[PDB]
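Just below is one structure, and these are the notes that go with it.
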Amino acid sequence: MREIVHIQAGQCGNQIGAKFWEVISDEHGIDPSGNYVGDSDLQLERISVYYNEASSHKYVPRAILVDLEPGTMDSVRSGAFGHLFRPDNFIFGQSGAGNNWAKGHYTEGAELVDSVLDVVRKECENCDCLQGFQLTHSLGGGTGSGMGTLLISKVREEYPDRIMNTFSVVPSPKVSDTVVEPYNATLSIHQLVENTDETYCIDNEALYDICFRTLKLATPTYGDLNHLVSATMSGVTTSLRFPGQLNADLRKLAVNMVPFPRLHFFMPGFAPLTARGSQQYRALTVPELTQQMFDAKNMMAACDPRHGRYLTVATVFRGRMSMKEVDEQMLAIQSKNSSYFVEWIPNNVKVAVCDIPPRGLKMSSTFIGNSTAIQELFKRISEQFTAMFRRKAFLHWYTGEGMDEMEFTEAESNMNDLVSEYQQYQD
Amino acid sequence: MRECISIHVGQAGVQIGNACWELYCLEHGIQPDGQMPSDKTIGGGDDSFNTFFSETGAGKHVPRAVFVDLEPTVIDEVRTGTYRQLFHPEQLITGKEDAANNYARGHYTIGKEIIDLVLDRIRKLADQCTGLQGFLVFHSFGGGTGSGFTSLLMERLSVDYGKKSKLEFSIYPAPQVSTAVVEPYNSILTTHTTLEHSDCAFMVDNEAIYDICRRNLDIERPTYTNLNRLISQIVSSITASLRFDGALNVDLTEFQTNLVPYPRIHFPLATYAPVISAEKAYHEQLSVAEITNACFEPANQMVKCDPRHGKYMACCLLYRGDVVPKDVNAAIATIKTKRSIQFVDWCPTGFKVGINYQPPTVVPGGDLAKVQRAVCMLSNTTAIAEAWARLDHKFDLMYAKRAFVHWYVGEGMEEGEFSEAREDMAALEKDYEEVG
Ligand SMILES: COc1ccc(C[C@@H]2NC(=O)/C=C/C[C@@H]([C@H](C)[C@H]3O[C@@H]3c3ccccc3)OC(=O)[C@H](CC(C)C)OC(=O)[C@H](C)CNC2=O)cc1Cl
Ligand SMILES: Nc1nc2c(ncn2[C@@H]2O[C@H](COP(=O)(O)OP(=O)(O)OP(=O)(O)O)[C@@H](O)[C@H]2O)c(=O)[nH]1
Ligand SMILES: Nc1nc2c(ncn2[C@@H]2O[C@H](COP(=O)(O)OP(=O)(O)O)[C@@H](O)[C@H]2O)c(=O)[nH]1
């Protein structure tokens, strides 16, 4: 039972992670009090990886929540699992998360992260075995990225023989405002690349473009985003939570998935996307499910995979259907869409099936891809930063608290390097 | 007296070990208690089956063998299974970290930090026995454990026991049940470091077994249960010679001599006719000549290859029950009539034969249909070129893009080393091409 320590920080990170944890607990059926009220014994067979044990035999999920605005538990209790997290490790800041990198990444907050690292180190050893670390946040500026990549650097320092993972969200100038973020993102990911190899780029722009246009919305609120993300990035780890064919561990997930030590930006999707409606819907069929699988609109990234090629694909079906027939349409897709995949990497279709269905849904399937497609999103975020770097806007605070211009230029150089790598490996 | 030791490395290896060992215990009249067949009940036996099992004070016939893996996922999963007391508790090792399809992980990261315990246990087991002949290896190409740990372990064995032979039961991997795309990499990385220590290897093909379990065994979704049971049956059909009686292919040295001309080339094909599915009562009957002549068909050849397009080197068989040599020789003569088979131009190539006096034993609660006739061809046909070259081709496709190289590099391999291994096996393909 290789346990996982969950790291989590930031206003958006906590918002997404609360609903994610609620979804996973509900699917596993443990009561919001913290006791097993599930409906079978296939739940607690090895699930200690996410849920530890208390003295009174009640379970206890392990996940750290930190920030720099003092009120987090005041906002963490906004759902249904406030006291559920152990009530001694809600380390809180003092100021807030203005969109200022290095205001958490160099001087203040960095003072707090030493104690944070001490606490997480103390937290880790109690388990029987360690799997690694995985982190949920957004690349959003304002203590959201600083603390994130900072703690990434120190955890990678302390445990080189484990695996990182980021559930970060790329900001976008369609849903949001306070436009200094391109700096924050394109600078933090600049060392996220060297510091981590396991990433999911849930494009907020794509989430809006699919949630407001063709999902019957008028003003997408933050809970609206939280529904879709707490669906997809909660179903992404069912393979970890549930035994099955592709039980691959973090290290093994990587070795099956990441060819090169940098080209590791997975772009996920989820075929039965659903806005918040209590009624489930009419039923869907397996070929329809696996066809909405590659729905370009369905993609949680900013591209249509038809416009590019894949490298290493996974898939996790869920429900009760034809177990052994899924290979038929897997090979059908392979045969009719050879151009979509690449010849450099044969048999890039690792597939598996999980018996359990999700909450409020019978037939569904979480998806993971790895394609050249995210070159489009990176070109977007690179132009949406370079077209404004010429005016040197707002770099006063950054240049005052400990950055410099050469750092900005070298970050742009690194990201042009990544887009070049994607381009050439597409060529 | 004589004896032998079977090693078990990897999840697949230990699953097949459980299946095979349970079948063997069933076959000899032994029971999950092993009360007594007809013998002294303490240090008894005296037939050939003693070479696998040895009686304790209770006459239990403990199988002096071990199971090894780097994660307590499957080892424990069967340690509290049917044969809990058949094997010795604290005689099944459990690793901690899975090799995770990484050959270097089993070669220089975690297996290297535990191999000492495995060596101590196997050496103690050898001290317990008195008549060791060699070793039986159950591993797989694809897995990091069953390749890296396998290679390193057998290297240690060849270092300390430099005389005895050894036989490898590996599993040639298939895309249809593939759980990695680093699988050719691990396969090459281990096999390029086997010939120097390996003596003979019986590799089984997943796609071939899958096609057997479907096209004739009436399955559509075969799990590891179906494939594993079928391969356990075929492995029993191979080793029955060592299990019972003096006949063709009794000893491991005899195995290799009857089979292996040249030390580098020691990959022999294998077949086993009865694949008749299940409780489907009777559509036809059985016949010695029928199964013998149908053996040459590419139906049941353990590994997918085209033998009729390649020159042979030897031919051995084996039969279960319903013994009468005369019609056996008549069947040999009938199939002898040179339809398209060929042989070696510089040595006699007779169809060596050794018969056994026991019909096949089928699992008491499984798919296979009870039969009483059987054949088992251990042909040393050169046509395994095709399969090896296919794997090599799948390998060198992904080397122009330097794919996945860093993952192995990070633990102590070398980038250009892979080119050396690829040239080694290109030369081995040339070696197959030499025979013409
Ligand atoms: C043309 O000039 C413009 C002027 C305004 C606008 C719109 C205007 N803003 C920006 O894009 C400016 C971004 C900078 C950023 C700088 C680069 C980071 O170090 C800052 C910092 C943070 C905390 C403490 C100390 C320093 O500051 C801020 O974080 C503050 C927020 C609060 C905390 C003052 O600023 C806003 O965002 C304001 C208050 C919210 N509103 C807006 O949407 C657009 C343009 Cl283009
Ligand atoms: N016939 C058969 N093949 C199996 C079985 N288990 C695994 N395989 C195949 O063996 C290959 C790899 O072996 P695995 O057991 O998956 O790997 P492993 O030895 O556990 O290696 P690690 O996962 O790296 O520790 C794949 O082609 C699997 O499909 C089994 O019970 N029977
Ligand atoms: N995906 C997602 N993005 C959000 C949410 N709320 C705000 N955002 C945007 O994504 C980024 C959130 O990260 P961050 O800036 O660290 O949030 P902060 O801690 O409130 O400053 C910001 O640029 C926001 O504009 C949310 O609930 N989900």
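The way this entry was determined, per its header, is electron microscopy, 3.4 Å.
Keep in mind that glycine also has a Cβ here, set from the backbone N, Cα and C atoms.
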Swiss-Prot GTP site partner of A:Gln11, A:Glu69, A:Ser138, A:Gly142, A:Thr143, A:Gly144, A:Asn226, selected from A:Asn35, A:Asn165, A:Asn204, A:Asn256: A:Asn204
A:1-4, A:129-132, A:321-324, A:373-376 - the range that Swiss-Prot marks as motif 'MREI motif': A:1-4
For the motif 'MREI motif' (A:1-4), residues assigned helix / strand / coil by DSSP: 0 helix, 3 strand, 1 coil
Those recorded positions in A:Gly144, A:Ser172, A:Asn204 whose CB falls under 6 A of ligand 3, listed in sequence order: A:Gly144, A:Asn204
Those residues of the chain, 6+ apart, with a Cβ under 8 Å from that of A:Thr143 (GTP binding site): A:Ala9, A:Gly10, A:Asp67, A:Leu68, A:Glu69, A:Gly93, A:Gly96, A:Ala97, A:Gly98, A:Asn100, A:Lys103, A:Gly104, A:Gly109
Per DSSP, three-state class assigned to A:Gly142 (GTP binding site): coil
Distance [Cα-Cα, Å, rounded] between A:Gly142 (GTP binding site) and A:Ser172 (phosphoserine): 15
Cα-to-Cα gap, A:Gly144 (GTP binding site) vs A:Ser172 (phosphoserine), nearest whole Å: 15
CB within-chain contacts under 8 A for A:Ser172 (phosphoserine), separation at least 6: A:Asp203, A:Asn204, A:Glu205, A:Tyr208, A:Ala302
Count of other CB atoms lying within 10 Å of the CB belonging to A:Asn204 (GTP binding site): 25
Residues A:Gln11, A:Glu69, A:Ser138, A:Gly142, A:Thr143, A:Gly144, A:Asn204, A:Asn226 [recorded GTP binders]: greatest CA to CA distance in Å: 23
Count of other CB atoms lying within 10 Å of the CB belonging to A:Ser138 (GTP binding site): 24
